[PDB]
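Asks:
In the deposited numbering, the protein residues as written are 1837 to 1973.
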């Protein structure tokens, strides 16, 4: 009785690509949020976290491909690649500082960098969330 398989919409497929990569974006957002939390007492916990961010970023940036060709709206599809493009720089910067503090926990500036970075990438991941949900569903 009218289902998205018998009669599907263009953006009706984007719903999966949207939801899938936002999950990863939220996962990244909590990972970076752990990075700032851990770095108080735990600079070694930042080892798996840096790998974690690195790993899931690859997935997020990857789903940017099938999502862009699924998004019926130009801007939605465009912003997808743009935000993960930005994230590629920010996440790499973060994991570098995470690995640096991981070596020297006594250095406050290394940690400061990470703190300044995490809050920003948590926004940049939110921009994937926002770009995708521009259709509002």
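Where a beta carbon is used, it is the ideal one built from N, C-alpha and C, also for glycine.
What separation, rounded to the nearest whole angstrom, lies between the Cα atoms of residue 1917 and residue 1901?
Replies: Straight-line Cα distance between these residues: approximately 8 Å.
Asks: Flag residue 1952 as yes if its beta-carbon sits less than 8 Å from any beta-carbon of chain B, otherwise no.
Replies: In the structure shown, chain B does not exist; there is a single protein chain.
Asks: Buried or exposed for residue 1958, please, with buried defined as at least 16 other CB atoms from any protein chain shown within 10 angstroms of its CB.
Replies: Residue 1958 comes out buried.
Asks: Using three-state DSSP, classify residue 1871 as helix, strand or coil.
Replies: If DSSP states are grouped into helix, strand and coil, residue 1871 belongs with the helices.
Asks: Measuring only the C-alpha atoms, how far is residue 1912 from residue 1966?
Replies: 9 Å
Asks: Rounded to a whole number of angstroms, what is the C-alpha to C-alpha distance between residue 1838 and residue 1962?
Replies: 33 Å
Asks: Measure the Cβ-Cβ separation of residue 1922 and residue 1960 and say whether it is below 8 Å.
Replies: With a cutoff of 8 Å on beta-carbon distance, residue 1922 and residue 1960 are scored as near each other.
Asks: Comparing C-alpha positions only, which one of 1843, 1850, 1840, 1899 sits nearest to residue 1972?
Replies: Of 1843, 1850, 1840, 1899, the residue nearest in Cα terms is 1850.
Asks: Report yes if the CB atom of residue 1944 is closer than 8 Å to the CB atom of residue 1858, and no otherwise.
Replies: no
Asks: Is the segment 1875-1890 touching the segment 1903-1912, taking contact as three or more C-beta pairs under 8 Å?
Replies: These segments do not touch.
Asks: From this set, 1929, 1939, 1940, which residue's C-alpha is nearest residue 1949's C-alpha?
Replies: 1929
Asks: Out of 1842, 1855, 1844, 1940, which one is the CA nearest neighbour of residue 1970?
Replies: The shortest C-alpha separation from residue 1970 is found at 1855.
Asks: Would you tell me roughly how many angstroms separate the C-alpha atoms of residue 1939 and residue 1925, rounded to the nearest one?
Replies: Taken atom to atom, the span from the alpha-carbon of residue 1939 to that of residue 1925 is near 21 Å.
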